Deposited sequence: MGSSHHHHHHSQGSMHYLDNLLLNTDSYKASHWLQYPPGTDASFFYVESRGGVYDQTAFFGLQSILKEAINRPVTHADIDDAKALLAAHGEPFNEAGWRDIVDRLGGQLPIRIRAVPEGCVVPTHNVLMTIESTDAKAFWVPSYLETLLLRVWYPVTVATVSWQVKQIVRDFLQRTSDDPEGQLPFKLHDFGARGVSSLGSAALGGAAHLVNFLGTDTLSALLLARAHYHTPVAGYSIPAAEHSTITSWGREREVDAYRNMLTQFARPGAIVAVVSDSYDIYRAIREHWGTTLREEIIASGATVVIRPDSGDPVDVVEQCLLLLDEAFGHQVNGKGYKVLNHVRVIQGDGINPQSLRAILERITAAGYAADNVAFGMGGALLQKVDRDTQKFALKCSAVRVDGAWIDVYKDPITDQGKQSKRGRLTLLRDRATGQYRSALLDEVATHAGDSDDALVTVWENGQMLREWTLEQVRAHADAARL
């Protein structure tokens, strides 16, 4: 809300005091963002566009400066009042930085440069450091998009072995139920949007608002009432049909919440097969008539795979089941899941660039044209050093103006094209 609308106070307390730590006569500073490893060996990049639009949505003002100066003095931190007033009076309150990033949705192996931030004004060289806190939080939409993208690759494998329509079934196979279990409305919106990079099903209305506000997508995702109707049940209740109506369900998705996630799915399949029959698809796997099952409980990339391995062995196609994740998708991730870091790699002393500290200097990302494989390099080795690759970063933000910017449908295109 409005009470957070001051970019000068959207940072760590010690970062306000940080401009005094630079050596004398420094003209510039260079930073980069990377994942230093963790659970997965690649990450789908997403979220930066939303973070820039929301966190940097207006010029800094003298009011912002008055408020920050006052709060931080009583808080115990020095504040560069004169440096910030210079930015407002001389630069119209526009942050003198350049941000380059891999196009959102692209899946990049770990230990690679994903974004770079460089200063564009000699006197306000310290501004990138000031923004470390709000930029580093990009770890969250990247990690959520990565978790979601890794689920997609698992489902896709099994929909490729079974199923006559793998890519037509895949977009509806992981549903977001995370709005209850996420830490804030803003995290529900951003993290839910990161899931929509990979799938179409979501119960996080907050994700539709962010995608339509930041990624130019009026309605990014769909759901059904709980025409396709989901009824919440329990494999014992379905077994008690031994009686009841059936046929008016022939003239349905079942969401269970009772039992081991792997088991109750297998039982629902065997019960609903007895109680609906099946067709045998072109790959030789059974597709239930009329009914499908969504396991929205205890779902994580491990139990996810266990369910699919188990129902595939039993002769049932992966078409029959879809999955739901809540807190395990939007909340049970952290900055160390993908070991995310924002590092300074270069400063300009004297008017001469020097490295900092194995990744040093002014850096970018290269994409090999033949193979599509990513590697990080120094900007001095892009052109006239590589007619075999192109610079993979694009300048998305500079000096207050957002340049390159994506629809959610472009983000999904990059992510859908990447495989493991």
If you line up the deposited sequence with the model, which stretches have no C-alpha coordinates?
1 to 14, 241 to 269, 286 to 290, 300 to 303, 410 to 419
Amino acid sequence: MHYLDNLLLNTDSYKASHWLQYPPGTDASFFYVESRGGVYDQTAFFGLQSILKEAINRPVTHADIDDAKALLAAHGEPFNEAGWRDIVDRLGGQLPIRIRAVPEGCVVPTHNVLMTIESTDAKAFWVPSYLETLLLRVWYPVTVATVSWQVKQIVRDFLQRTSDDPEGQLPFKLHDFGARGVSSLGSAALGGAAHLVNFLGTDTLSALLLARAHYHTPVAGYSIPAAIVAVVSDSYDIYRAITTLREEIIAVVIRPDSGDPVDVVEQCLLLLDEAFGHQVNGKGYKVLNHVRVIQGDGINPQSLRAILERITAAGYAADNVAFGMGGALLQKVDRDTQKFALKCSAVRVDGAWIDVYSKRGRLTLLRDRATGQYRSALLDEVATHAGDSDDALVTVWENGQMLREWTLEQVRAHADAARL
From here on, numbers count along this sequence of modelled residues.
In a third or more of the other entries compared, is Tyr357 missing its coordinates?
yes
Of the other PDB entries for this protein whose models extend past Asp416 on both sides, does at least a third leave it without coordinates?
yes
Mean Cα B-factor comparison, 47 to 55 or 358 to 366, giving the higher one as deposited:
358 to 366
With B-factors read from the PDB entry, the higher C-alpha mean of 147 to 155 and 264 to 272 is in 264 to 272
With respect to the C-alpha temperature factors reported in the PDB entry, which of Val229, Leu174, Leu205, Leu329 ranks highest?
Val229
Highest CA B factor of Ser183, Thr217, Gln302, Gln338, as deposited, is found at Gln302
So where's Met115 on the chain's Cα temperature factor ranking, which third?
middle
Divide the modelled residues of the chain into thirds by Cα B-factor and specify which third, lowest, middle or highest, holds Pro128.
middle
Which third of the chain does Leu20 land in by C-alpha B-factor: lowest, middle or highest?
highest
Place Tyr316 in the lowest, middle or highest third of its chain's C-alpha B-factors, as listed in the PDB entry.
middle
Please place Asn10 in the lowest, middle or highest third of its chain according to the CA B-factor in the PDB entry.
middle
